[PDB]
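Take a look at this single chain, the form deposited in one PDB entry, given in structure tokens.
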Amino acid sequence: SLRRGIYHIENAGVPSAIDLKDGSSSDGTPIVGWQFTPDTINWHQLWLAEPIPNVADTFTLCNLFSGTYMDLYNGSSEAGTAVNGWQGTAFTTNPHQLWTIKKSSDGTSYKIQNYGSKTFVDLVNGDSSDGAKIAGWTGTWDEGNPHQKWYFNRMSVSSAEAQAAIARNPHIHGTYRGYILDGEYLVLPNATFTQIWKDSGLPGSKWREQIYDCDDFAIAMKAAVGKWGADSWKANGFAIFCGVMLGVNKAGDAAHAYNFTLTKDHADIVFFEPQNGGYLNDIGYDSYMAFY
């Protein structure tokens, strides 16, 4: 089963991702194929898959930027029916906006079937051009046709996944406690994480004993990523990943506050030093507390 989370949805045939054109909130905004840059935020190309209760393998897909939903126009079963952004809700009963998403015959990519029409999301003609039509189209669950096959490239972690990544780290103190704030987090590329650090003005902040020392940098960095999340995205029902940790050194006579993010592969954490913007596999402290 596809898990609740944020996905970059990439065609199995050509390197085109599902793109809400200009990220418009306008009803009837075309959803198209568009080229993408890896290890960035692809601003118009992120989709929040919300599972529907009591309806197997079926979801809403909410554009993270627009807060509008993938919508089969008038729910038509006609081949070539437009797939657009449209206003909706996370648990709608509008079958225009309900998508059964299951593994293709290749066992890695998925097919996206409209719950109402039973037609499939199709990159018409396998066109790799920026702005290529995406439509609802006849097809089957089993066929190889790559026009209708999509890699769901997972951009988020559950809190349980974030907890596993921390637990895998060697720099966790024996007294560690971890405090979970949210359920599902968008993992940032380091490029973006760094940019939010710059845009916060933390690079200009001077260390001052107690009045602006390591706890103040680490908590400011988390607030800045919180603020960036609300101000950047119109969808709800997720957070941005940015941890705070308190750590103790080896001698056990010095504590230090810092941040942490997650690796590309979501498997491990990386320490961030909000006083200089360094990423470290070893920040010279072992964490006895985290909140994220």
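C-alpha atoms forming the largest set that superposes within 1.5 Å between two forms make up the rigid core. Quick note: we count residues from 1 along the sequence shown, nothing fancier.
Note that the form deposited in another entry isn't included here; everything after this is about it.
- Just a single entry of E78, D215, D106, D182 exceeds or equals a 2 Å CA shift between this form and the one not shown, which is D182 (rigid core superposed).
- Put the two forms on the same core and the Cα of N249 is off by 2 Å or more between this form and the one not shown.
- With the core held fixed, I172 shows a CA shift of 2 Å or greater between this form and the one not shown.
- Once you line up the core between this form and the one not shown, the Cα of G278 stays within less than 2 Å of where it was.
- Look at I180 and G67: in the other entry their Cα atoms come 3 Å or more closer than in this form.
- Relative to the displayed conformation, the Cα-Cα distance from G178 to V187 shrinks by 3 Å or more in the other entry.
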